[PDB]
Structures are given as structure tokens and as C-alpha cells.
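Undergrad: I have a structure I would like to understand better, so I am pasting it below and will then ask my questions one at a time.
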Amino acid sequence: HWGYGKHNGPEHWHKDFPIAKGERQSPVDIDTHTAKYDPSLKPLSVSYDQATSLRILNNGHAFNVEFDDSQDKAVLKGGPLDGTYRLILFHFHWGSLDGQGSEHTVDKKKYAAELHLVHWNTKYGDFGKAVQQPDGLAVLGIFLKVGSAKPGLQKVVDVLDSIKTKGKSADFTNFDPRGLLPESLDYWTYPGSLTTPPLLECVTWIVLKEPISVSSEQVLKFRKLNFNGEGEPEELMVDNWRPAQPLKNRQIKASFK
Ligand SMILES: [Zn+2]
């Protein structure tokens, strides 16, 4: 299977997933001086007040917190989006050290981690259909930097012991994703892909300009998870991020000047 090691990592993915070398791959480096300010971009509208989280799961590559997407409870709209995108899950990519972990980079600058809040276009009926459309997904990317503790992230950090190994899951109800949002909603946006196989080029990426701060001890907890399943040799879940891909035929627009 694919992974983040030297023998099954990002550099090998193209052999099973040819699209890895596609024309719309993510992540990319955001060059702030080449990003085009676009005054026609509308403000993002993040409506997470009726969000219903269900559980948290260690899937061997990261841990996903899943939400009930049977109805328009937690939706994202506005910005560069047409229609309404429903929140289905969020996860993080992090490093073994504080100076690496994010997937997207700003002027080559890497952050400690990167939060991905995955939403799917409701016009497509279900998540499985949406991934097969060029405008099927809308992912909000938020950079994490080490500084002070994020109160709203502690609930997540506390449950990690319970899902230490691949395959483990735990009930994770009543979690409010609004506690993970930065103050400002300014962003850069561009057409891209999923950053893990199958690497489908179905995503409109919305990367927030402002990072949130988390504590060193909080990020430390992440690093204690395992890629492996129970009973197998322990491989710490660290550096589960894909490096920047060439921009090719694309433009990154900014919502701010
Ligand atoms: Zn991701």
C-alpha cells in the first residue's frame, strides 16, 4: 500500500496512480507576489453552527473526524464557490519537527501542520459522485504554527490515546469545528487535487492566509500516533504530508490585496 516511507511514499505513488503527475495536482507553493488579487471573489460563508460530529478514526495515514452529512448542517459557500458544499470530515498532516508538516507552503515557508476541512458539492448527491467532478470538492486548508495552545483543539488531542493504531475509532460527538478557525477569513484559491491517493483532480482549494497557533505539547500528541495496526511493529505517524507539485497551467487568486 501507499504511505509516507521511502519505499511507499509520494515519489512512488505515480506507479499505482498515474494522475500523480497530472496537470492539477496539490499541494503547491503559494508565491504571494505572483498571486493575483481578484476583487470579484465573494467573502467565504462558513456555517458550522449545526454541525454534528460522529466519530474520530485512525485510518493508517492520518486521523479523520467524521461529521453527519445527511443534511445541510455544516456548509461552506461563497468565495470562489458556486452552490453549497457540505462538511464531511477534517484531518491534519504534520511533521516530525516544528519546521515541517504543512503541505502547502507560502513563499516556500512550511508550517508545523495543516488542517484540511473537506466539503462536497451537494448538487452531486453523495461524496462518491462528487469526487468524480472537477468542482466536486471544496477543501479549506488552515496552517498551524507552534505558539500558544488552541483551546478548541484540546478535545481532539485528548481522544488520541484511544485511536493510537490503524483501524481504531472512537465516538466523537458534540465537537464544534468553529473552534479551529482563524480570526480572518482571507484566502488564496486555485483548482487542484486530493493530496493522498487516489489524488483525484476534483478540488477547489481555499487556503486561509492566517494560521492558527497550537502548543508544542498539543502537536506532540499528534506525533504519538501510529501508522501501523495493533500487533504490528510501531511506526510513528509523522511527516504524513505530500510535497509541493508544479503549478503548471494554473493561477492562484487572492481574496485580499
Ligand atoms: Zn489532507
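Ordered as shown in the C-alpha cells, chains take letters A, B, and onward, while each chain numbers its residues from 1 and ligands are numbered from 1 in the order shown.
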Please check which protein, DNA or RNA residues sit within 10 Å of ligand 1, counting only C-alpha atoms and all ligand atoms, and write them as a ChimeraX atom specification.

TA: /A:26-27,61-62,64,90-93,102-103,114-118,139-141,194-196,240-242

Undergrad: Set out as a Markdown table a contact list for segment 127-194 of chain A and segment 70-74 of chain A with a cut-off of 12 Å, giving each residue of segment 127-194 of chain A that qualifies its closest atom pair and distance in Å to one decimal, counting only C-alpha atoms, ordered by chain and rising residue number.

TA:
| residue | atom | partner | partner_atom | distance |
| --- | --- | --- | --- | --- |
| A:127 | CA | A:70 | CA | 10.7 |
| A:176 | CA | A:74 | CA | 10.1 |
| A:177 | CA | A:74 | CA | 9.2 |
| A:178 | CA | A:74 | CA | 10.1 |

Undergrad: Residue 23 of chain A: which residues within 10 Å, counting only C-alpha atoms, same-chain residues fewer than 3 positions away excluded, as a CSV table (one decimal) with C-alpha atoms, in the first residue's frame?

TA:
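Written out: selection-v7.csv:
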chain,number,residue,atom,x,y,z
A,19,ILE,CA,-2.7,11.1,-12.2
A,20,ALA,CA,0.1,11.9,-9.6
A,26,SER,CA,-1.8,19.6,-5.0
A,192,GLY,CA,-6.3,21.3,-7.5
A,193,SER,CA,-6.5,17.7,-6.3
A,201,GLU,CA,-8.4,16.4,-9.5
A,245,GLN,CA,3.7,19.9,-7.0
A,246,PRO,CA,4.3,22.2,-10.0
A,247,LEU,CA,1.7,24.8,-10.7
A,248,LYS,CA,1.7,24.2,-14.4
A,249,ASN,CA,-1.3,25.7,-16.2
A,250,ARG,CA,-2.7,27.5,-13.1

Undergrad: When DSSP works through the backbone of this structure, what residues of segment 15-191 of chain A end up as strand (DSSP E or B), shown as a PyMOL selection string?

TA: chain A and resi 29-30+36-37+44-47+53-58+63-67+75-78+85-94+105-106+109+113-121+137-146+166+169-171+187-191

Undergrad: I'd like the contact shell of segment 207-220 of chain A - 8 Å cut-off, only C-alpha atoms, skipping same-chain residues fewer than 2 positions apart - returned as a ChimeraX atom specification.

TA: /A:140-150,153-154,157,180-189,205,222-224

Undergrad: Now that the selection is made, can you save its residues with N, CA, C and O atoms as a short mmCIF file (atom, residue, chain, number, x, y, z; two decimals), in the first residue's frame?

TA:
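Below is the file again21.cif, written as the result:
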data_model
loop_
_atom_site.label_atom_id
_atom_site.label_comp_id
_atom_site.auth_asym_id
_atom_site.auth_seq_id
_atom_site.Cartn_x
_atom_site.Cartn_y
_atom_site.Cartn_z
N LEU A 140 -10.98 23.50 2.72
CA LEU A 140 -10.47 24.67 3.44
C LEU A 140 -9.16 24.22 4.08
O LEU A 140 -9.17 23.29 4.88
N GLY A 141 -8.04 24.86 3.74
CA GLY A 141 -6.76 24.49 4.32
C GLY A 141 -6.33 25.55 5.32
O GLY A 141 -6.31 26.75 5.01
N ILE A 142 -5.96 25.13 6.52
CA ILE A 142 -5.56 26.05 7.57
C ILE A 142 -4.20 25.62 8.10
O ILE A 142 -3.98 24.46 8.43
N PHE A 143 -3.26 26.55 8.10
CA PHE A 143 -1.90 26.29 8.60
C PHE A 143 -1.83 26.37 10.13
O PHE A 143 -2.52 27.19 10.76
N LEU A 144 -1.05 25.48 10.73
CA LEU A 144 -0.84 25.52 12.16
C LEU A 144 0.63 25.86 12.44
O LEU A 144 1.54 25.35 11.77
N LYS A 145 0.84 26.79 13.37
CA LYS A 145 2.19 27.17 13.80
C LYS A 145 2.30 27.00 15.32
O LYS A 145 1.31 27.16 16.04
N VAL A 146 3.47 26.60 15.80
CA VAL A 146 3.68 26.39 17.24
C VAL A 146 3.82 27.72 17.99
O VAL A 146 4.60 28.60 17.61
N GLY A 147 2.96 27.89 18.98
CA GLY A 147 2.96 29.10 19.78
C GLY A 147 2.10 28.77 20.97
O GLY A 147 2.39 27.82 21.72
N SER A 148 1.02 29.51 21.15
CA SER A 148 0.15 29.22 22.28
C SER A 148 -0.87 28.14 21.95
O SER A 148 -1.11 27.84 20.78
N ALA A 149 -1.42 27.52 22.99
CA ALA A 149 -2.38 26.45 22.85
C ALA A 149 -3.73 26.91 22.27
O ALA A 149 -4.20 28.03 22.57
N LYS A 150 -4.30 26.06 21.41
CA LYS A 150 -5.60 26.32 20.81
C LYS A 150 -6.60 25.58 21.70
O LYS A 150 -6.62 24.33 21.74
N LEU A 153 -8.83 22.83 20.22
CA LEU A 153 -8.18 21.65 19.67
C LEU A 153 -7.92 20.58 20.72
O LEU A 153 -7.73 19.41 20.38
N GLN A 154 -7.98 20.96 21.99
CA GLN A 154 -7.69 20.04 23.10
C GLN A 154 -8.60 18.83 23.19
O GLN A 154 -8.15 17.75 23.54
N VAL A 157 -7.10 16.36 20.89
CA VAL A 157 -5.83 15.89 21.45
C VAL A 157 -6.05 14.88 22.57
O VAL A 157 -5.28 13.94 22.70
N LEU A 180 -11.64 25.85 15.52
CA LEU A 180 -10.39 25.66 14.80
C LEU A 180 -10.14 26.74 13.78
O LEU A 180 -9.11 26.73 13.12
N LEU A 181 -11.07 27.69 13.64
CA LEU A 181 -10.93 28.75 12.64
C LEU A 181 -10.11 29.97 13.06
O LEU A 181 -10.12 30.39 14.23
N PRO A 182 -9.32 30.52 12.11
CA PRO A 182 -8.53 31.71 12.44
C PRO A 182 -9.54 32.85 12.55
O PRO A 182 -10.73 32.65 12.28
N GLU A 183 -9.07 34.04 12.92
CA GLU A 183 -9.91 35.22 13.07
C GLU A 183 -10.40 35.76 11.72
O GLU A 183 -11.60 36.03 11.53
N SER A 184 -9.46 35.95 10.80
CA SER A 184 -9.74 36.44 9.46
C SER A 184 -10.02 35.26 8.53
O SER A 184 -9.46 34.16 8.70
N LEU A 185 -10.83 35.52 7.51
CA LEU A 185 -11.14 34.50 6.52
C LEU A 185 -10.55 34.82 5.13
O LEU A 185 -11.02 34.29 4.12
N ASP A 186 -9.54 35.69 5.07
CA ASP A 186 -8.86 35.99 3.80
C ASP A 186 -8.22 34.68 3.30
O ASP A 186 -7.66 33.90 4.10
N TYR A 187 -8.16 34.51 1.99
CA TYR A 187 -7.65 33.27 1.44
C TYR A 187 -7.05 33.39 0.05
O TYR A 187 -7.17 34.41 -0.63
N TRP A 188 -6.40 32.32 -0.36
CA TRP A 188 -5.87 32.21 -1.70
C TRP A 188 -6.68 31.02 -2.19
O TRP A 188 -7.08 30.16 -1.40
N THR A 189 -6.96 30.97 -3.49
CA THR A 189 -7.73 29.86 -4.06
C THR A 189 -7.18 29.47 -5.43
O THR A 189 -6.70 30.31 -6.19
N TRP A 205 -9.37 24.42 -3.97
CA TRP A 205 -8.64 24.66 -2.74
C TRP A 205 -8.83 26.08 -2.26
O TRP A 205 -8.81 27.02 -3.07
N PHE A 222 0.08 14.51 18.54
CA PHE A 222 -0.12 14.02 17.17
C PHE A 222 0.95 13.02 16.80
O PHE A 222 0.69 11.98 16.21
N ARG A 223 2.17 13.38 17.14
CA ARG A 223 3.35 12.60 16.83
C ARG A 223 3.40 11.26 17.53
O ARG A 223 4.24 10.43 17.20
N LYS A 224 2.53 11.05 18.51
CA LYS A 224 2.49 9.80 19.24
C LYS A 224 1.57 8.75 18.63
O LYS A 224 1.47 7.64 19.14
#

Undergrad: Using DSSP assignments from the backbone, pull out every residue in segment 169-253 of chain A that falls under helix (DSSP H, G or I) and give it to me as a ChimeraX atom specification.

TA: /A:177-180,216-222

Undergrad: For residue 33 of chain A, please output as a list in words all residues within 12 Å (counting only C-alpha atoms; exclusion window: fewer than 6 positions along the same chain).

TA: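 Everything that qualifies: residues 106, 107, 188, 251, 252, 253, 254 and 257 of chain A.
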